[PDB]
Amino acid sequence: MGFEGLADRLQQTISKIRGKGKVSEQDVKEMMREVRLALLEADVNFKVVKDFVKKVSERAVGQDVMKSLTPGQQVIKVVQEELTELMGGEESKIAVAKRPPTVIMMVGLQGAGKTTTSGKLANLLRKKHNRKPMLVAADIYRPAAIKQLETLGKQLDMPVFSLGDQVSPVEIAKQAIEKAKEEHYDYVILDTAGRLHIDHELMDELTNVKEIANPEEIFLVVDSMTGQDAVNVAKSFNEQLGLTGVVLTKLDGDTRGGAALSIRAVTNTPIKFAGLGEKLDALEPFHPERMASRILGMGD
Ligand SMILES: Nc1nc2c(ncn2[C@@H]2O[C@H](COP(=O)(O)OP(=O)(O)O)[C@@H](OP(=O)(O)OP(=O)(O)O)[C@H]2O)c(=O)[nH]1
Ligand SMILES: [Mg+2]
């Protein structure tokens, strides 16, 4: 899934280049004003679009136009290459701690998909990597937040560590990680708290949890359909504590892809996984070249 609208807007511009055997410099400029326009309408950060247009234009008006064995193929290769680089190049794999367990801290705003993604990530870790993960209920403030995560764990046959809602998340994380050491769990996934907007009470708690958990990974969970808002959430989260990755949720509803194309360029935090639905299997690793190909109508 993902990017359906941007691909539709770019189909004519790109295909016109693909269908010709000689690309003039006026053709590349004409393609580039329409590519610029499509990226801006897809809510890509406008400074990212500016840098992207210049980088592609400088390379496109080069050896590619003058060599005519496949001039059109070369204009498209550069766009694919630059789209791939923009989104991170190669897939960004989950880190493995030197001493187990590997502790993964899930953070984000309410409604972004934290709790659901924590279950998805555990499921993915056991299936694709044959690890033994433990889930942790560290969101005490919202009722049914614990029972929701427990209900997910009861579908995965995976433990969900909880001490109720009368106990600090700092203490819950401390006990969970130290139980995980004793019983040889590979991964610990902390489902943390969060309201609708960032506040001081939230970073203080998250800073304290990071302090005692000393996590190998801190993943922001953020809603892909919120566009530039998601890019701003990542910037704040990355500067007030340290983000190591991003999970983009609800691409099954994101036709534009602005956040997907903007987050790494603005924050330097890589996007590691994409959420693609409500079910626990709906999580795939973020592959930048495949996304670039899906953007150019080159999908498998
Ligand atoms: N389609 C889709 N949906 C996702 C994905 N990830 C999460 N969701 C939805 O987002 C909503 C919030 O998920 P939570 O896991 O409760 O998020 P939170 O902990 O950050 O609050 C849930 O819907 P809800 O609370 O039942 O309803 P609503 O909030 O959507 O109205 C869930 O179904 C995804 O990858 N694709
Ligand atoms: Mg939640």
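Quick reminder, even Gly has a Cβ in these numbers, built from the backbone with ideal geometry, and neighbours come from all protein chains shown. Numbers and lists here come from the model and the stated rules, or from a named source; nothing here is a laboratory result.
The one condition from (1) assigned to a strand (DSSP E or B); (2) not assigned by CATH to the domain that holds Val222 that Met105 does not meet is (2).
For segment 105-137, which residues satisfy the criterion of being within 15 Å of ligand 2 (Cβ to nearest atom), touching a residue at least 60 places away in the same chain (Cβ under 8 Å) and within 16 Å of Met158 (Cβ to Cβ)?
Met106, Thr115, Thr116, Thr117, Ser118, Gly119, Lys120, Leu121, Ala122
When the residues of segment 232-278 are narrowed to those that are among the polar types (S, T, N, Q) and over 17 Å from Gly89 (Cβ atoms), which ends up surrounded by the most Cβ atoms within 10 Å (Cβ to Cβ)? So, considering only residues that are among the polar types (S, T, N, Q) and over 17 Å from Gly89 (Cβ atoms), the one surrounded by the most Cβ atoms within 10 Å (Cβ to Cβ) is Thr249.
Contact map, segment 27-56: first residue on the phi > 0 side of the Ramachandran plot, second residue small (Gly, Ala, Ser), Cβ cut-off under 8 Å, separation 6 or more or different chains; pairs are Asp43/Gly227; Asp43/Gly258; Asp43/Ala259. When we screen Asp223, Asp229, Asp281 for residues that are surrounded by 20 or more Cβ atoms within 10 Å (Cβ to Cβ) and acidic (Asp, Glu), the only hit is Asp223. Of all residues in segment 40-78, those satisfying the criterion of being in a loop (DSSP other than H, G, I, E, B) and in contact with a helix residue (DSSP H, G or I) (Cβ under 8 Å, 6 or more places away or on another chain) are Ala42, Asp43, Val44, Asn45, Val61, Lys67.
How many residues does segment 95-117 contain that are more than 16 Å from ligand 1 (Cβ to nearest atom) and surrounded by 21 or more Cβ atoms within 10 Å (Cβ to Cβ)? Break it down stepwise before answering.
Quick first cut of segment 95-117, residues more than 16 Å from ligand 1 (Cβ to nearest atom) only: 95-103.
Pick out the ones that are also surrounded by 21 or more Cβ atoms within 10 Å (Cβ to Cβ) and you get 101-103.
Residues meeting the conditions: 3.
Please count how many residues of segment 108-124 are part of a loop (DSSP other than H, G, I, E, B) and either under 20 Å from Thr207 (Cβ atoms) or not assigned by CATH to the domain that holds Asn208 (or both). Counting residues in segment 108-124 that are part of a loop (DSSP other than H, G, I, E, B) and either under 20 Å from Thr207 (Cβ atoms) or not assigned by CATH to the domain that holds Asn208 (or both) gives 4.
Screening segment 125-149 for residues that are within 13 Å of ligand 1 (Cβ to nearest atom) and either over 24 Å from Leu202 (Cα atoms) or assigned to a helix (DSSP H, G or I) (or both) and picking the one that is farthest from the chain's Cα centre (by Cα) gives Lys147. The residue that is nearest to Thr115 (Cα to Cα), among those in segment 186-243 that are away from ligand 2 (no atom under 16 Å from the Cβ) and of a type in the set (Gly, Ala, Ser), is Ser224.
Of all the listed residues (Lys93, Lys77, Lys127, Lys50), the sole one being more than 26 Å from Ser224 (Cα to Cα) and basic (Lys, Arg) is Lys77. When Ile172 is tested against (1) touching a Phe, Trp or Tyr at 6+ places or on another chain (Cβ under 9 Å); (2) under 24 Å from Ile263 (Cβ atoms); (3) outside the structural domain of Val44 (by CATH), only condition (2) is not met.
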